[PDB]
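S.K.: Before the rest arrives, take these chains from my complex:
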Amino acid sequence: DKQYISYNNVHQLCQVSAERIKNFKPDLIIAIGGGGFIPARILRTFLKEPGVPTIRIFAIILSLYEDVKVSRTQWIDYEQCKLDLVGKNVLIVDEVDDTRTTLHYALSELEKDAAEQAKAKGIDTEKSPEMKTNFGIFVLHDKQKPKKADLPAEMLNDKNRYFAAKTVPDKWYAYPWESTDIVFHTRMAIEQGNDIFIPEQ
């Protein structure tokens, strides 16, 4: 029993979520895999405000192994990119929250990068808090079920640090960019109510 998602749906999800996200006032977006990149890119179009330069999106690939083992398959070369996580608001993007495992470590590893950058600059997060980095999360879908790992309480709780376009029942979702027959995929999606929901203007 699959749930078919149309491109246009993913687009409207980002759209509505764009507003709530506008608070967190992100300084940059870090996208997990290609899965998180597509919505991240769309998400950007909506966060564009006249004059203000367009927010940057950094893609990262993260591999998790067992017998937990983390592996930075593709990471941000802060060096050559000249990216400073210090005192910035980072928004982590990925399509769906299943067991939360992925975001758990994604946040984790990125936090290490922040705190270690802070040292390198000679700063003390303790003595001078404001210098700390504020992390945010954004997912199209957040499955409601038993999560096999977890994200820090204060964030997971604040409705302006963790955004789930939609929270949905434990099922398997097929995303437009995965299908080898978009036409079928689409027809299905429309038949399950997974197409638009915000009529034209």
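M.R.: Yep, that arrived. Residues are numbered from 1 along each chain as shown, chains lettered A, B, ... in the order given.

S.K.: in the helix ranked longest in chain A, what counts as buried?
M.R.: When chain A is parsed with DSSP state H, its longest helix is helix A:101-120. Residues of helix A:101-120 classed as buried: A:102-107, A:110-111, A:113-114, A:117-118 (neighbour count, 16 or more other C-beta atoms under 10 Å). C-beta coordinates here come from the backbone N, C-alpha and C atoms, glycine included.

S.K.: and if you look at stretch A:177-194?
M.R.: In stretch A:177-194, counting by 16+ other C-beta under 10 Å, buried: A:179, A:185-186, A:188-189, A:194.

S.K.: what's the answer for stretch A:10-27, then?
M.R.: Residues of stretch A:10-27 classed as buried by neighbour count (16+ other C-beta under 10 Å): A:10-15, A:17-18, A:21, A:24, A:26-27.

S.K.: Just those: which are in helices?
M.R.: Per DSSP H, the subset of these in helices is A:10-15, A:17-18, A:21, A:24.

S.K.: Just send those residues back as CSV, with distance to residue A:86 too.
M.R.: Compiled in CSV, those are given as follows (distance: C-beta to C-beta, whole Å):
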residue, distance to residue A:86
A:10, 32
A:11, 33
A:12, 35
A:13, 31
A:14, 28
A:15, 31
A:17, 27
A:18, 26
A:21, 22
A:24, 17
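
S.K.: Return the closest of those residues with respect to residue A:34.
M.R.: The closest of these to residue A:34 turns out to be residue A:10 (C-beta to C-beta; 13.0 Å).

S.K.: Could you tell me how far the closest one is located from residue A:40?
M.R.: Going from residue A:10 to residue A:40 by C-beta to C-beta, to the nearest Å gives 11 Å.

S.K.: Any idea how far apart the tips of stretch A:73-87 sit?
M.R.: The first residue of stretch A:73-87 is 26 Å away from its last residue (C-alpha to C-alpha, to the nearest Å).

S.K.: Tell me which residues are up against it.
M.R.: Stretch A:73-87 has contacts (C-beta atoms under 8 Å, 6 or more residues apart in numbering) with A:28, A:30, A:56, A:58-63, A:110, A:113-114, A:117-118, A:121, A:123, A:130-133.

S.K.: For the longest helix of chain A, what is the distance to the chain centroid?
M.R.: Helix A:101-120 sits 15 Å away from the centroid of its parent chain (C-alpha atoms, centre = their mean, to the nearest Å).

S.K.: Just list what that helix packs against, helices and strands only.
M.R.: Here helix A:101-120 touches strand A:28-32, strand A:56-65, strand A:69-74, strand A:89-93, strand A:134-144, going by 3 or more C-beta pairs under 8 Å, 6 or more residues apart in numbering; DSSP states H and E.

S.K.: Tell me which of these sits most buried.
M.R.: By mean neighbour count, with neighbours taken as mean count of other C-beta atoms under 10 Å, strand A:89-93 ranks first of the helices and strands packed on helix A:101-120 at a mean of 24.

S.K.: Go ahead and add chain B:
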Amino acid sequence: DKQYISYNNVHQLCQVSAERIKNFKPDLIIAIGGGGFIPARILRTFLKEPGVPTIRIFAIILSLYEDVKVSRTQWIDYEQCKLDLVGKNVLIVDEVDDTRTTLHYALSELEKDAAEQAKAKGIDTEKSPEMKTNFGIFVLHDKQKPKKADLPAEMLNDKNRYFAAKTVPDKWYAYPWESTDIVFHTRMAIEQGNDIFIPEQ
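M.R.: Below, chain B sits with the chains from the block before:
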């Protein structure tokens, strides 16, 4: 006079292009900006062959300035990623070819990386030509107008090295992930015959 492109169209363009591209037998994809990432990601779904691991996609941002000036805003950290361009077939992806300027330098800079990564490896493409790197290009659209830059002739000639989904006229194309009203954008696209061109199965 804009040309509205639907997500589903971009999807089918990749689909058909997937075949011709299957020859070049790409070892990895390097995507220019988010623009090239979305189609690159889709393109992947179609290149998947049972058993064989899924091809990797590397995103890069390239800034070009004048008064030409190149700036690696975001590049591939071959180091930590453990990526070897030597003797591999790289496919460069980006949504549209306008003045070719972008791809000109994108290819250029990436070629430097291959060369320098080839020499410092203790090899020479002259005596051992089975090691040089073969570059490929893929764009949804390739506008026909007089270009401002240029790619090597042997590549822009061999129809198994330069892939352009649909070769379009000189106009301005609005891509789905750019629109702030997908519904309108879509209706328009369908009315210009810029939606699907292949049916279900």
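
S.K.: Could you re-examine the buried residues of stretch A:177-194 with chain B now present?
M.R.: For stretch A:177-194, a neighbour-count test (16 or more other C-beta atoms under 10 Å in any protein chain shown) marks A:177-179, A:182-183, A:185-186, A:188-189, A:194 as buried.

S.K.: Would you confirm that residue A:52 belongs to a strand?
M.R.: No: with DSSP: H, G, I helix; E, B strand; the rest coil as the criterion, residue A:52 is coil rather than part of a strand.

S.K.: Setting aside sequence neighbours, what's the nearest residue to residue A:33?
M.R.: residue A:61 (5.9 Å; C-beta to C-beta, 6 or more residues apart in numbering or on different chains).

S.K.: measure that neighbour to residue A:175 for me?
M.R.: 17 Å.

S.K.: Looking at strand pairing, list the partners for the most centrally placed residue in chain A.
M.R.: When C-alpha atoms, centre = their mean is applied to chain A, the residue found nearest the centroid is residue A:93 (1.2 Å). Under DSSP bridges, the beta-bridge partners of residue A:93 are residue A:31, residue A:138.

S.K.: Would you confirm that it contacts residue A:32?
M.R.: Yes: the pair residue A:93 and residue A:32 passes the contact test of C-beta atoms under 8 Å, sitting 6.7 Å apart.

S.K.: Next, count neighbours for residue A:171.
M.R.: By other C-beta atoms under 10 Å in any protein chain shown, 11 other residues sit near residue A:171.

S.K.: let me redo that: residue A:54
M.R.: Counted with other C-beta under 10 Å, residues neighbouring residue A:54 total 11.

S.K.: Next: residue A:85.
M.R.: Number of residues near residue A:85 (other C-beta under 10 Å) recorded here: 23.

S.K.: Settle this for me: residue A:109 is touching residue A:70, isn't it.
M.R.: Yes: in this structure residue A:109 lies within contact range of residue A:70 using C-beta under 8 Å: 6.2 Å.

S.K.: Find the residues that touch each one of these two.
M.R.: residue A:62 (C-beta atoms under 8 Å, 6 or more residues apart in numbering or on different chains).

S.K.: Just name the closest of the buried residues of stretch A:177-194 to residue B:167, please.
M.R.: The nearest member of the buried residues of stretch A:177-194 to residue B:167, counting by C-beta to C-beta, is residue A:182 at 22.0 Å.

S.K.: Backbone torsions only: list them for the closest one.
M.R.: phi -50, psi -40 (degrees, to the nearest 10).

S.K.: measure the closest residue in space to it that isn't next to it in sequence to residue B:86 for me?
M.R.: Leaving aside its chain neighbours, residue A:182 sits nearest to residue B:11 (4.6 Å; criterion: C-beta to C-beta, 6+ apart). According to C-beta to C-beta, residue B:11 and residue B:86 sit 33 Å apart.

S.K.: okay, the two: which has more neighbours?
M.R.: Using other C-beta under 10 Å as the criterion, residue B:11 and residue B:86 rank with residue B:11 on top: 28 against 15.

S.K.: residues contacting the more buried one?
M.R.: A:7, A:176-177, A:182, B:42.

S.K.: Could you do residue A:3 as well?
M.R.: The contact partners of residue A:3, by C-beta under 8 Å, 6+ apart, come to A:168, A:171-174, A:192, A:194.
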